[PDB]
Amino acid sequence: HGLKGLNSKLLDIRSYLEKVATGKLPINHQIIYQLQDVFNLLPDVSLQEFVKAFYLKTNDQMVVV
Amino acid sequence: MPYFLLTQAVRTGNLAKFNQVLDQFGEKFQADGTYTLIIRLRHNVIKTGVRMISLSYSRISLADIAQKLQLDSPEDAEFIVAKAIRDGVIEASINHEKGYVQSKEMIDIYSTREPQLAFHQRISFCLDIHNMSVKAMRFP
Amino acid sequence: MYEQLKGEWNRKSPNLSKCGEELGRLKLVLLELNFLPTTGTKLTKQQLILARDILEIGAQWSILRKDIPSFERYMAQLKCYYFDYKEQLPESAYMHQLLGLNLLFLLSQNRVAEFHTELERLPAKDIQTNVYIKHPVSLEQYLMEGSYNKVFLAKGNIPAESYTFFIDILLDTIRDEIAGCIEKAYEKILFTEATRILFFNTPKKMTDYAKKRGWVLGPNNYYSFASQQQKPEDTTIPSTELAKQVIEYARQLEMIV
Amino acid sequence: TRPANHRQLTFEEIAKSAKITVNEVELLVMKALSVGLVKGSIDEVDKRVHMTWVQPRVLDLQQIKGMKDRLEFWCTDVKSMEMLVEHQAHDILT
């Protein structure tokens, strides 16, 4: 249910830019997407060194097994 | 005595001894029900050395493996190496540009990616021991 | 009834109507009674003598006309007649080359696992005598180690009948495999390497592999492109299924008490 | 223009689009780091410029349309793969 709120906040940000891209309500040029302009650059998933995170996954596996 | 002296002749490159002890100990092979070795192990008589060379050497020329397998011909020794890699005897590759036969790469992602694909069976086997213990526990 | 045991066997068989008579001969024998129990009774083994012989000459006329699903059909019923449980059944003098036809056909269509398990029913005929059977097992031994050329230099020696309808297929399925090795990243050679490796100073075989394969002759230089793929990888692909595996770890720790 | 898909920009793209010479792309990006509208880094053996960027500004309604499609791909990844976890671990959930 921590992830059931991840799509719940997602479905709220889903509905907002549908009705302002449509263009009903006036676009808040100050904070409503400028803070989102800060947001939309940092899911970094660069592979070939973060692929080498997964012997620590093997290390976390090793104590269990 | 037959089987220890059999692999004695297999490890060396001698075939006249290999045919002699077939003739010497074939009747013992009749009692064991294993006639078929003479038709299918003469394959590996030439393939044991090329497994031994390609494990020892790392980047060999085909001109030198001809005398090392004492084949005295580099032109068909390409095909023996081609058949062994076709059968997956050695994982190595051939450079058909100037005569190089190089082996595989270094020790791979074995330290990182593999070991959980061994660990999954050992979790599942040991908790089933715990499961088969608990279920069969209390008869009174 | 008792239809032409040596009718058009010896001289020639250009027949198509005696093929229908042989078709009717199959409708005669396999509608007489049966061949399944075979307890004793040499008298009811007498049609079993002829049922072998008409399928032998049926297999003779099959390789005379090159029918591929028929040749395995007649040979299986012949092998089912050497699968006889009560085999009194005196030795027909065609058996060793008939099995040699089966031994060469089943070698040719890449049934190599079926090849060696077929060789179990032969006790000692492979070593003592029987060059009809000794020739394909010497052939398979030549395919073992590295020896391609001893196959093609023993091409001009068949002690049996011509065997040509099998060995044309047998060598063609050799040639495309070496072609399958040279259609890899081995980039460019000349016609003289296709003369050495493949064979044959110039027939229209260089036309054969120009149209079947690629191998365009440039400025006295062939061309074979790179067959190497790109290998698309992510290596975090099992992130779903590894998250699955840890769930049934704790599911098998809890919940089953 | 490329929103951190492969944000490691090569030097020739800057030297062409800014129409500046090749030797002055480094002094140009050290100035932009000195002002503080970008927080990237510079390689010089490969001369590729790595980018981490925190400066916001206006984004001109058409770029909301592309932001909708990225949010919709973002939707069905979160939604469906939660249905995988819930249906797998349903009996220990309670």
# chains A, B, ... in the order shown; residues from 1 in each chain; ligands from 1
>>> closest_atom_pairs(of="chain C", to="chain A", cutoff="12 Å", atoms="only C-alpha atoms", output="JSON lines")
{"residue": "C:233", "atom": "CA", "partner": "A:47", "partner_atom": "CA", "distance": 10.0}
{"residue": "C:234", "atom": "CA", "partner": "A:47", "partner_atom": "CA", "distance": 7.4}
{"residue": "C:235", "atom": "CA", "partner": "A:51", "partner_atom": "CA", "distance": 6.9}
{"residue": "C:236", "atom": "CA", "partner": "A:51", "partner_atom": "CA", "distance": 6.8}
{"residue": "C:237", "atom": "CA", "partner": "A:51", "partner_atom": "CA", "distance": 10.5}
{"residue": "C:238", "atom": "CA", "partner": "A:54", "partner_atom": "CA", "distance": 11.4}
{"residue": "C:239", "atom": "CA", "partner": "A:54", "partner_atom": "CA", "distance": 10.6}
{"residue": "C:242", "atom": "CA", "partner": "A:57", "partner_atom": "CA", "distance": 10.6}
{"residue": "C:243", "atom": "CA", "partner": "A:57", "partner_atom": "CA", "distance": 11.8}
{"residue": "C:245", "atom": "CA", "partner": "A:61", "partner_atom": "CA", "distance": 11.7}
{"residue": "C:246", "atom": "CA", "partner": "A:61", "partner_atom": "CA", "distance": 9.9}
{"residue": "C:249", "atom": "CA", "partner": "A:64", "partner_atom": "CA", "distance": 10.2}
{"residue": "C:250", "atom": "CA", "partner": "A:64", "partner_atom": "CA", "distance": 11.4}
>>> write_last_selection(atoms="C-alpha atoms", output="PDB file, in the first residue's frame")
ATOM      1  CA  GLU C 233      21.500  -6.540 -23.280  1.00  0.00           C
ATOM      2  CA  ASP C 234      20.188  -4.898 -20.157  1.00  0.00           C
ATOM      3  CA  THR C 235      21.241  -7.503 -17.495  1.00  0.00           C
ATOM      4  CA  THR C 236      18.729  -6.080 -15.010  1.00  0.00           C
ATOM      5  CA  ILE C 237      16.000  -7.943 -16.957  1.00  0.00           C
ATOM      6  CA  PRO C 238      15.365 -10.542 -14.138  1.00  0.00           C
ATOM      7  CA  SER C 239      14.317  -7.719 -11.750  1.00  0.00           C
ATOM      8  CA  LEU C 242      14.060 -12.153  -8.831  1.00  0.00           C
ATOM      9  CA  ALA C 243      11.422 -10.137  -6.995  1.00  0.00           C
ATOM     10  CA  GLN C 245      11.614 -15.642  -6.080  1.00  0.00           C
ATOM     11  CA  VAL C 246      12.079 -13.787  -2.795  1.00  0.00           C
ATOM     12  CA  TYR C 249      10.893 -17.573   0.108  1.00  0.00           C
ATOM     13  CA  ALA C 250       8.913 -15.810   2.848  1.00  0.00           C
TER      14      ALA C 250
END
>>> interface_residues(of="chain C", to="chain D", cutoff="9 Å", atoms="only C-alpha atoms", output="PyMOL selection string")
chain C and resi 240+243-244+247-248+250-251+254-255
>>> closest_atom_pairs(of="chain B", to="chain C", cutoff="7 Å", atoms="only C-alpha atoms", output="Markdown table")
| residue | atom | partner | partner_atom | distance |
| --- | --- | --- | --- | --- |
| B:39 | CA | C:141 | CA | 6.8 |
| B:43 | CA | C:145 | CA | 4.9 |
| B:46 | CA | C:145 | CA | 6.7 |
| B:79 | CA | C:146 | CA | 6.0 |
| B:80 | CA | C:146 | CA | 4.8 |
| B:96 | CA | C:186 | CA | 6.5 |
>>> residues_around(residues="residue 5 (chain A)", least_positions_apart="5", cutoff="12 Å", atoms="only C-alpha atoms", output="JSON, numbers by chain")
{"A": [10, 11, 12], "D": [78, 79, 82]}
>>> write_last_selection(atoms="N, CA, C and O atoms", output="CSV table (one decimal), in the first residue's frame")
chain,number,residue,atom,x,y,z
A,10,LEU,N,0.2,9.5,-8.7
A,10,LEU,CA,0.4,9.6,-10.1
A,10,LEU,C,-0.9,9.8,-10.9
A,10,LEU,O,-0.9,10.6,-11.8
A,11,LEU,N,-2.0,9.2,-10.5
A,11,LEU,CA,-3.3,9.5,-11.1
A,11,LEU,C,-3.8,10.9,-10.8
A,11,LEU,O,-4.6,11.4,-11.5
A,12,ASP,N,-3.3,11.5,-9.7
A,12,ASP,CA,-3.6,12.9,-9.5
A,12,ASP,C,-2.8,13.8,-10.4
A,12,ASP,O,-3.3,14.8,-11.0
D,78,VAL,N,3.8,1.2,-13.2
D,78,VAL,CA,3.5,1.2,-11.8
D,78,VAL,C,2.3,0.4,-11.5
D,78,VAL,O,2.2,-0.4,-10.6
D,79,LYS,N,1.2,0.5,-12.4
D,79,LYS,CA,-0.1,-0.1,-12.1
D,79,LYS,C,0.0,-1.6,-12.3
D,79,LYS,O,-0.5,-2.4,-11.4
D,82,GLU,N,2.4,-3.6,-9.9
D,82,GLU,CA,1.8,-3.8,-8.6
D,82,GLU,C,0.8,-4.9,-8.5
D,82,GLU,O,0.7,-5.6,-7.5
>>> residues_around(residues="residue 228 (chain C)", least_positions_apart="2", cutoff="9 Å", atoms="only C-alpha atoms", output="short mmCIF file (atom, residue, chain, number, x, y, z; two decimals) with C-alpha atoms, in the first residue's frame")
data_model
loop_
_atom_site.label_atom_id
_atom_site.label_comp_id
_atom_site.auth_asym_id
_atom_site.auth_seq_id
_atom_site.Cartn_x
_atom_site.Cartn_y
_atom_site.Cartn_z
CA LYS C 184 29.90 -16.79 -40.71
CA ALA C 185 32.19 -13.76 -40.17
CA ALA C 226 29.18 -10.30 -41.23
CA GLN C 230 24.28 -6.94 -31.98
CA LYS C 231 23.56 -8.82 -28.68
#
>>> closest_residue(among="D:35, D:9, D:67, D:18", to="residue 50 (chain D)", atoms="only C-alpha atoms")
D:9
>>> interface_residues(of="chain B", to="chain A", cutoff="10 Å", atoms="only C-alpha atoms", output="PDB file with N, CA, C and O atoms, in the first residue's frame")
ATOM      1  N   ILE B 109      31.505 -12.423 -15.418  1.00  0.00           N
ATOM      2  CA  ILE B 109      30.566 -11.891 -14.429  1.00  0.00           C
ATOM      3  C   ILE B 109      30.194 -12.909 -13.337  1.00  0.00           C
ATOM      4  O   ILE B 109      29.368 -12.626 -12.463  1.00  0.00           O
ATOM      5  N   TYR B 110      30.793 -14.104 -13.396  1.00  0.00           N
ATOM      6  CA  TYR B 110      30.775 -15.193 -12.419  1.00  0.00           C
ATOM      7  C   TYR B 110      30.789 -14.753 -10.956  1.00  0.00           C
ATOM      8  O   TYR B 110      30.116 -15.359 -10.116  1.00  0.00           O
ATOM      9  N   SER B 111      31.538 -13.699 -10.645  1.00  0.00           N
ATOM     10  CA  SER B 111      31.525 -13.103  -9.318  1.00  0.00           C
ATOM     11  C   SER B 111      30.258 -12.307  -9.023  1.00  0.00           C
ATOM     12  O   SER B 111      29.981 -12.040  -7.849  1.00  0.00           O
ATOM     13  N   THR B 112      29.487 -11.917 -10.039  1.00  0.00           N
ATOM     14  CA  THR B 112      28.368 -11.000  -9.840  1.00  0.00           C
ATOM     15  C   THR B 112      27.015 -11.603 -10.183  1.00  0.00           C
ATOM     16  O   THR B 112      26.111 -11.594  -9.338  1.00  0.00           O
ATOM     17  N   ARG B 113      26.844 -12.135 -11.395  1.00  0.00           N
ATOM     18  CA  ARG B 113      25.528 -12.477 -11.929  1.00  0.00           C
ATOM     19  C   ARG B 113      25.116 -13.916 -11.657  1.00  0.00           C
ATOM     20  O   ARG B 113      23.958 -14.167 -11.305  1.00  0.00           O
ATOM     21  N   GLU B 114      26.051 -14.855 -11.825  1.00  0.00           N
ATOM     22  CA  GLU B 114      25.773 -16.281 -11.635  1.00  0.00           C
ATOM     23  C   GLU B 114      25.230 -16.702 -10.267  1.00  0.00           C
ATOM     24  O   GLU B 114      24.182 -17.370 -10.241  1.00  0.00           O
ATOM     25  N   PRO B 115      25.860 -16.365  -9.115  1.00  0.00           N
ATOM     26  CA  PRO B 115      25.746 -17.240  -7.926  1.00  0.00           C
ATOM     27  C   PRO B 115      24.355 -17.382  -7.330  1.00  0.00           C
ATOM     28  O   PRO B 115      24.101 -18.375  -6.641  1.00  0.00           O
ATOM     29  N   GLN B 116      23.443 -16.445  -7.596  1.00  0.00           N
ATOM     30  CA  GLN B 116      22.062 -16.613  -7.160  1.00  0.00           C
ATOM     31  C   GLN B 116      21.346 -17.719  -7.923  1.00  0.00           C
ATOM     32  O   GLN B 116      20.374 -18.281  -7.406  1.00  0.00           O
ATOM     33  N   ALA B 118      22.745 -20.501  -8.479  1.00  0.00           N
ATOM     34  CA  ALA B 118      23.034 -21.650  -7.637  1.00  0.00           C
ATOM     35  C   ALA B 118      22.366 -21.556  -6.279  1.00  0.00           C
ATOM     36  O   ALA B 118      22.029 -22.584  -5.695  1.00  0.00           O
ATOM     37  N   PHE B 119      22.143 -20.338  -5.786  1.00  0.00           N
ATOM     38  CA  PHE B 119      21.600 -20.143  -4.449  1.00  0.00           C
ATOM     39  C   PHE B 119      20.119 -20.475  -4.359  1.00  0.00           C
ATOM     40  O   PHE B 119      19.632 -20.769  -3.262  1.00  0.00           O
ATOM     41  N   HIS B 120      19.392 -20.412  -5.476  1.00  0.00           N
ATOM     42  CA  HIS B 120      17.948 -20.616  -5.443  1.00  0.00           C
ATOM     43  C   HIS B 120      17.601 -22.070  -5.157  1.00  0.00           C
ATOM     44  O   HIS B 120      16.593 -22.362  -4.504  1.00  0.00           O
ATOM     45  N   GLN B 121      18.419 -22.999  -5.653  1.00  0.00           N
ATOM     46  CA  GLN B 121      18.167 -24.413  -5.400  1.00  0.00           C
ATOM     47  C   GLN B 121      18.467 -24.770  -3.954  1.00  0.00           C
ATOM     48  O   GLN B 121      17.796 -25.624  -3.364  1.00  0.00           O
ATOM     49  N   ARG B 122      19.464 -24.116  -3.363  1.00  0.00           N
ATOM     50  CA  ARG B 122      19.915 -24.479  -2.025  1.00  0.00           C
ATOM     51  C   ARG B 122      18.985 -23.920  -0.957  1.00  0.00           C
ATOM     52  O   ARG B 122      18.854 -24.511   0.120  1.00  0.00           O
ATOM     53  N   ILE B 123      18.356 -22.772  -1.226  1.00  0.00           N
ATOM     54  CA  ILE B 123      17.223 -22.329  -0.416  1.00  0.00           C
ATOM     55  C   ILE B 123      16.094 -23.345  -0.486  1.00  0.00           C
ATOM     56  O   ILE B 123      15.583 -23.800   0.544  1.00  0.00           O
ATOM     57  N   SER B 124      15.713 -23.734  -1.706  1.00  0.00           N
ATOM     58  CA  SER B 124      14.524 -24.556  -1.902  1.00  0.00           C
ATOM     59  C   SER B 124      14.731 -25.971  -1.382  1.00  0.00           C
ATOM     60  O   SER B 124      13.786 -26.607  -0.904  1.00  0.00           O
ATOM     61  N   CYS B 126      16.833 -26.859   1.192  1.00  0.00           N
ATOM     62  CA  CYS B 126      17.033 -26.928   2.636  1.00  0.00           C
ATOM     63  C   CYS B 126      15.753 -26.621   3.403  1.00  0.00           C
ATOM     64  O   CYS B 126      15.546 -27.152   4.501  1.00  0.00           O
TER      65      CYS B 126
END
>>> closest_atom_pairs(of="chain A", to="chain D", cutoff="6 Å", atoms="only C-alpha atoms", output="Markdown table")
| residue | atom | partner | partner_atom | distance |
| --- | --- | --- | --- | --- |
| A:34 | CA | D:56 | CA | 5.6 |
| A:37 | CA | D:56 | CA | 5.3 |
| A:38 | CA | D:54 | CA | 5.6 |
>>> select_by_dssp(residues="chain A", states="helix (DSSP H, G or I)", output="JSON, numbers by chain")
{"A": [6, 7, 8, 9, 10, 11, 12, 13, 14, 15, 16, 17, 18, 19, 20, 21, 34, 35, 36, 37, 38, 39, 47, 48, 49, 50, 51, 52, 53, 54, 55, 56, 57, 58, 59, 60, 61, 62, 63, 64]}
>>> residues_around(residues="region 101-108 of chain C", least_positions_apart="6", cutoff="9 Å", atoms="only C-alpha atoms", output="VMD selection string")
chain C and resid 71 to 72 75 114 to 115 118 to 119 132 to 133 136 to 137 140 163 166 to 167 169 to 171 173
>>> write_last_selection(atoms="N, CA, C and O atoms", output="tab-separated table (two decimals), in the first residue's frame")
chain	number	residue	atom	x	y	z
C	71	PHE	N	10.22	-44.97	-49.08
C	71	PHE	CA	11.37	-45.82	-48.81
C	71	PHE	C	11.51	-46.13	-47.32
C	71	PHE	O	11.89	-47.25	-46.94
C	72	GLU	N	11.19	-45.16	-46.47
C	72	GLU	CA	11.13	-45.45	-45.04
C	72	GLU	C	9.89	-46.27	-44.69
C	72	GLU	O	9.87	-46.95	-43.66
C	75	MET	N	10.80	-49.96	-45.63
C	75	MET	CA	11.89	-50.46	-44.79
C	75	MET	C	11.45	-50.68	-43.35
C	75	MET	O	11.95	-51.59	-42.69
C	114	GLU	N	20.01	-41.50	-33.87
C	114	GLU	CA	19.32	-42.73	-34.26
C	114	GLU	C	20.26	-43.69	-34.97
C	114	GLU	O	19.93	-44.87	-35.13
C	115	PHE	N	21.42	-43.20	-35.42
C	115	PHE	CA	22.38	-44.04	-36.13
C	115	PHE	C	23.01	-45.07	-35.20
C	115	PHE	O	23.06	-46.26	-35.52
C	118	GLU	N	20.78	-47.67	-33.64
C	118	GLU	CA	20.39	-48.67	-34.62
C	118	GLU	C	21.39	-49.82	-34.66
C	118	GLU	O	21.00	-50.96	-34.91
C	119	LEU	N	22.66	-49.54	-34.39
C	119	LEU	CA	23.78	-50.48	-34.46
C	119	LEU	C	23.81	-51.46	-33.30
C	119	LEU	O	24.75	-52.26	-33.25
C	132	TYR	N	28.67	-54.49	-46.96
C	132	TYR	CA	27.46	-53.69	-47.15
C	132	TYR	C	27.15	-52.83	-45.93
C	132	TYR	O	26.63	-51.72	-46.07
C	133	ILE	N	27.46	-53.33	-44.74
C	133	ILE	CA	27.21	-52.63	-43.49
C	133	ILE	C	28.51	-52.00	-43.01
C	133	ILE	O	28.52	-50.94	-42.37
C	136	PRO	N	29.13	-48.07	-44.52
C	136	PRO	CA	28.63	-46.85	-43.86
C	136	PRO	C	29.15	-46.65	-42.45
C	136	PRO	O	29.19	-45.50	-41.99
C	137	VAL	N	29.54	-47.70	-41.74
C	137	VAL	CA	30.09	-47.47	-40.40
C	137	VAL	C	31.56	-47.07	-40.49
C	137	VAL	O	32.08	-46.42	-39.58
C	140	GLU	N	30.91	-43.33	-41.25
C	140	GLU	CA	30.62	-42.53	-40.07
C	140	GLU	C	31.86	-42.33	-39.22
C	140	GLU	O	32.03	-41.28	-38.59
C	163	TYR	N	24.10	-46.70	-54.72
C	163	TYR	CA	23.91	-45.88	-53.52
C	163	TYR	C	23.85	-44.39	-53.81
C	163	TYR	O	24.04	-43.58	-52.89
C	166	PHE	N	21.26	-41.76	-52.18
C	166	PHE	CA	21.49	-41.36	-50.80
C	166	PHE	C	22.73	-40.48	-50.67
C	166	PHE	O	22.69	-39.47	-49.96
C	167	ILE	N	23.82	-40.85	-51.33
C	167	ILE	CA	25.07	-40.13	-51.13
C	167	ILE	C	25.08	-38.79	-51.84
C	167	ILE	O	25.92	-37.95	-51.53
C	169	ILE	N	22.48	-36.85	-51.42
C	169	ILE	CA	21.91	-36.11	-50.30
C	169	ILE	C	22.91	-36.02	-49.16
C	169	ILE	O	23.02	-34.99	-48.48
C	170	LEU	N	23.68	-37.10	-48.95
C	170	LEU	CA	24.62	-37.18	-47.84
C	170	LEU	C	25.75	-36.17	-47.99
C	170	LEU	O	26.21	-35.59	-47.00
C	171	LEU	N	26.22	-35.97	-49.21
C	171	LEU	CA	27.29	-35.01	-49.40
C	171	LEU	C	26.76	-33.59	-49.50
C	171	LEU	O	27.45	-32.65	-49.10
C	173	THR	N	24.27	-32.44	-47.70
C	173	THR	CA	24.13	-32.01	-46.31
C	173	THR	C	25.47	-31.91	-45.60
C	173	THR	O	25.52	-31.45	-44.46
>>> atom_distance(atom1="CA of residue 52 (chain C)", atom2="CA of residue 109 (chain C)")
25.3 Å
>>> select_by_dssp(residues="region 7-74 of chain D", states="strand (DSSP E or B)", output="ChimeraX atom specification")
/D:9-10,41-42,48-50
>>> atom_distance(atom1="CA of residue 46 (chain C)", atom2="CA of residue 89 (chain C)")
9.2 Å
>>> atom_distance(atom1="CA of residue 72 (chain B)", atom2="CA of residue 86 (chain B)")
22.6 Å
>>> decode(residues="region 218-229 of chain C", atoms="N, CA and C atoms", output="PDB file, in the first residue's frame")
ATOM      1  N   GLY C 218      34.049 -10.322 -57.094  1.00  0.00           N
ATOM      2  CA  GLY C 218      34.363  -8.948 -57.400  1.00  0.00           C
ATOM      3  C   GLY C 218      35.600  -8.845 -58.267  1.00  0.00           C
ATOM      4  N   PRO C 219      36.524  -7.950 -57.907  1.00  0.00           N
ATOM      5  CA  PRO C 219      37.813  -7.871 -58.631  1.00  0.00           C
ATOM      6  C   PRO C 219      38.749  -9.015 -58.253  1.00  0.00           C
ATOM      7  N   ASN C 220      38.381 -10.211 -58.721  1.00  0.00           N
ATOM      8  CA  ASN C 220      38.957 -11.500 -58.328  1.00  0.00           C
ATOM      9  C   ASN C 220      38.984 -11.643 -56.804  1.00  0.00           C
ATOM     10  N   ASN C 221      37.812 -11.434 -56.210  1.00  0.00           N
ATOM     11  CA  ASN C 221      37.657 -11.427 -54.757  1.00  0.00           C
ATOM     12  C   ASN C 221      36.196 -11.723 -54.448  1.00  0.00           C
ATOM     13  N   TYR C 222      35.944 -12.728 -53.611  1.00  0.00           N
ATOM     14  CA  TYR C 222      34.584 -13.001 -53.166  1.00  0.00           C
ATOM     15  C   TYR C 222      34.196 -12.083 -52.017  1.00  0.00           C
ATOM     16  N   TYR C 223      32.921 -12.141 -51.643  1.00  0.00           N
ATOM     17  CA  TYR C 223      32.383 -11.311 -50.577  1.00  0.00           C
ATOM     18  C   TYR C 223      31.387 -12.110 -49.758  1.00  0.00           C
ATOM     19  N   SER C 224      31.627 -12.184 -48.451  1.00  0.00           N
ATOM     20  CA  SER C 224      30.672 -12.745 -47.509  1.00  0.00           C
ATOM     21  C   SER C 224      30.603 -11.807 -46.316  1.00  0.00           C
ATOM     22  N   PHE C 225      29.406 -11.312 -46.017  1.00  0.00           N
ATOM     23  CA  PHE C 225      29.237 -10.240 -45.045  1.00  0.00           C
ATOM     24  C   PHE C 225      29.300 -10.798 -43.621  1.00  0.00           C
ATOM     25  N   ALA C 226      29.088  -9.927 -42.637  1.00  0.00           N
ATOM     26  CA  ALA C 226      29.176 -10.302 -41.232  1.00  0.00           C
ATOM     27  C   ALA C 226      27.815 -10.792 -40.754  1.00  0.00           C
ATOM     28  N   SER C 227      27.768 -12.038 -40.280  1.00  0.00           N
ATOM     29  CA  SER C 227      26.550 -12.627 -39.743  1.00  0.00           C
ATOM     30  C   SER C 227      26.451 -12.467 -38.231  1.00  0.00           C
ATOM     31  N   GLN C 228      27.271 -11.598 -37.646  1.00  0.00           N
ATOM     32  CA  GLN C 228      27.296 -11.404 -36.204  1.00  0.00           C
ATOM     33  C   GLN C 228      26.196 -10.434 -35.794  1.00  0.00           C
ATOM     34  N   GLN C 229      25.453 -10.796 -34.751  1.00  0.00           N
ATOM     35  CA  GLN C 229      24.353  -9.973 -34.278  1.00  0.00           C
ATOM     36  C   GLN C 229      24.872  -8.856 -33.372  1.00  0.00           C
TER      37      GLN C 229
END
